[PDB]
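Next up, structure tokens for two forms of one chain, structure 1 and then structure 2.
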Structure 1
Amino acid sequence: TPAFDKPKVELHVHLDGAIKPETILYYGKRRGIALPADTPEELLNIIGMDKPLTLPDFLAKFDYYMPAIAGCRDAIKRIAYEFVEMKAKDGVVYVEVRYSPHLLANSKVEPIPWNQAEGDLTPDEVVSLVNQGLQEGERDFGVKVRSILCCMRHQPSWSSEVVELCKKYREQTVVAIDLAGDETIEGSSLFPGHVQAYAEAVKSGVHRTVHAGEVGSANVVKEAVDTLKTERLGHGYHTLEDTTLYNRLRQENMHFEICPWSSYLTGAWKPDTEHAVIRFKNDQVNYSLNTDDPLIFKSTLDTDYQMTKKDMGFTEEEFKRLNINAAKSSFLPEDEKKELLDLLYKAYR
């Protein structure tokens, strides 16, 4: 069933884990990269999940397939292409994708990932691939893509870099810096490299967001809002613990990015206790429903929206209004945003 059928907005997703089993498959068996499987479903059935695991675990599923794709120059622009694809197939007019240059290489990179080998490929290029691949994909699917570049919790050394990336790819196609990776690393969201790079962001314009919340304490969010300056909270579930912090973001007017089906699956949730998502709906705080990782969880944007009208009862009347908010919170000029607001507005309504 539809389950929401008007033209959606989406803010939280990762390139990384918006690949199809096939493009993996190709490259494993093409530049040779001994892969973990064969039948395109078996690939899926190692890569993805169904019993709720733990955030740490989630995060090394990734080590299964990435080698495949990592630099090869080729693949960057192709999996950027096929990703815009999926985003016009399930219902979306507007997406922000995130990703991590650092995972996507090759050269420089003194902790060299997966682990793999030297090296044409740079941060400076593994972006300018994607911008074409989301510019193309845009061109050919009806959907406008802007990307988000992700600092990455466990490596502060690299965070510095991403701000220079964002600044200078700024609009061709990047509208933002993020923080991503294991919440459990005690202290991570404060380490010097991160705050330094966020604050070259606020010192220099760059829009900010942080996965804070999810599977770690309310503190990690309090850090994120106040020390890092996060313009919107990447998940923000555990902010319902410090219930005076909670009234302070409801009050600041600020985006929670929920990821339903993701929540059960990483660990951020016990299925015995009402998910933060229905709460935000009761309180009417600006949230956005969302996908996070299509591949690793075996899903589609319909999966969230349907976990949400049938388990946790959701009017269409809500869906309407969250998809207006997400648009309101987008990292896109008031320019581009009056007119993506004119879209869903004269179509919901």
Structure 2
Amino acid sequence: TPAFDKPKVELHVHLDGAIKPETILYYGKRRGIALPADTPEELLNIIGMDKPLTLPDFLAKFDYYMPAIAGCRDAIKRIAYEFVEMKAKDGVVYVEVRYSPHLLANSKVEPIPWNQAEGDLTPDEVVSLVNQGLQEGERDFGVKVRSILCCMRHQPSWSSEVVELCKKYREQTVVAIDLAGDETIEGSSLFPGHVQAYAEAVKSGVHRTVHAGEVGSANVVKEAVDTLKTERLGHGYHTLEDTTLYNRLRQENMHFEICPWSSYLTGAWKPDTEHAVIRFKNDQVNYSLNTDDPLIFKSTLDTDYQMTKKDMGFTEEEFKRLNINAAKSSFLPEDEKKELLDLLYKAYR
């Protein structure tokens, strides 16, 4: 009813798509930007999807709300905080949250995002503020939280400062680097920018995830494993298109960060098909359940859980093992990771 009331782990959720409708009206109103509408209510319904659209119809969503938050220090910090209490309500005990620091900035970034005017919020103090509110979320709401800073495909030039933001803000709360945005652009996993950033990540012990095979071919996953050296995959559905690659990843115990509900809504999965997750369930792969963008997809974690237990016969035993897998493949230090494990066993039995 909730499908699974037991603590949970989430490894794959974007901050900048888990923003309360109510607080976007609050900052659009207080700053000029003025959204396409002005009850909370009527706002969620347009900035949210119920059906697949195209890529530019998807990005335009960002184009309503982002400029109302980006570039206000006030806002950056609250959304971080409000993110943590949103997760306490889902029953999460540990989450990793990801975002691009450049996309919330308005100076020392080129271009300037969202066609904002120039201010003085730089990439590097955005990571400082999210960290703040993420920490005081932690200690008010009971949810252990870390973060992930996203590289953007289209912009290899930002990547090297992503990886240095990762190193400078190390366990306080940044634990990994990611690559997001549009794995359709040719060759983008092999751009020199992204490549040397992941090399520097390897060099300096920052953990790695990549979004790959959501909408891209299995060759994009292969680029992610062999050349970017990821430790985990965002989505990775398209690895199923290549069977040796799939079998090998299974042997290697790769972690797949699955977004079930996300997948239907985006078009990455078409409901006339096998869901990739049930395959992963039947093959006992290492995967997690995640909601990706609850603002956009209209959703909550328990949405993912309900869709998996209703439409695909998951059971309570699977749900527990997948959260155990999630924890094991989390990017915590080994010590805090054993304590997380122990916690879950004790409440799973």
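Shifts are known only where both forms have a C-alpha. Think of the rigid core as the biggest set of C-alphas that the two forms share within 1.5 Å after superposition. By convention here, residues take numbers in order along the sequence of structure 1, the first being 1.
Here the rigid core is superposed between the two structures, and of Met49, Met66, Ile324, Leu59 the C-alpha of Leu59 is the only one to shift by 2 Å or more. For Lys8, the Cα deviation between the two structures after core superposition amounts to 0.4 Å.
Core-aligned Cα shift between the two structures at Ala34: this is 2.3 Å.
Regions that shift between the two structures, defined as runs of three or more consecutive residues whose CA atoms all move by 2 angstroms or more after core superposition, reduce to a single one, 53 to 60.
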